[PDB]
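In structure tokens, one chain follows: the form deposited in one PDB entry.
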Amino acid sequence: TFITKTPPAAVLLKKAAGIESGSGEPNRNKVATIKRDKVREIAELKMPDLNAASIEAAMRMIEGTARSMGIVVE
């Protein structure tokens, strides 16, 4: 009955990586490198607000947002 909207993937990724802001040049200057176990946790929490058909698809999106801000997943 009441919408609990979760934080933007970006702010979730910022928190996970432990930083205050993304790269001004995503491709050239990476400012953080997290592991998938985390990208996975984000895709699980952000799941209600996602239109994915599975977690791996959810992570695809989450990782896509990590690419736009300069964060690296391993």
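Take the two forms, find the largest set of C-alpha atoms that superpose within 1.5 Å, and that set is the rigid core. Only residues modelled in both forms are compared. For every residue, the number given is its place in the sequence shown, counted from 1.
J.: Please place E56 in the lowest, middle or highest third of its chain according to the CA B-factor in the PDB entry.
T.: For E56, the deposited C-alpha B-factor lands in the highest third.
J.: Against its chain's modelled residues, does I3's Cα B factor rank lowest, middle or highest third?
T.: Middle third.
J.: Of the three thirds of its chain by CA temperature factor, lowest, middle or highest, which one includes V72?
T.: Middle third by C-alpha B-factor.
J.: Going by the entry, which third of its chain does the Cα temperature factor of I62 land in?
T.: For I62, the deposited C-alpha B-factor lands in the lowest third.
J.: Select lowest, middle or highest to describe the third in which the CA B-factor of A16 falls within its chain in this entry.
T.: It belongs to the middle third of the chain when residues are ordered by C-alpha B-factor.
Below, we refer to the form deposited in another entry, which is not included among the displayed structures.
J.: Aligned on the rigid core, do the two forms place the Cα of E25 2 Å or more apart, comparing between this form and the one not shown?
T.: Yes, the C-alpha position differs by at least 2 Å between this form and the one not shown.
J.: Is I34 among the residues whose Cα moves by 2 Å or more between this form and the one not shown after superposition of the rigid core?
T.: Shift of 2 Å or more: yes.
J.: Explain in one word, closer or farther, how the Cα atoms of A58 and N27 are placed in the other form relative to this form, where the distance changes by 3 Å or more.
T.: Compared with the shown chain, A58-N27 is farther in the other form.
J.: Do the C-alpha atoms of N29 and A17 sit closer or farther apart in the other form than they do here, given a shift of 3 Å or more?
T.: It is closer: in the other form, the C-alpha atoms of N29 and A17 lie at least 3 Å nearer than they do here.
J.: After superposition on the rigid core, which segments of 3 or more consecutive residues show C-alpha displacements of 2 Å or more between this form and the one not shown?
T.: Run 24-36 stands out as the only one displaced between this form and the one not shown - at least 3 residues long.
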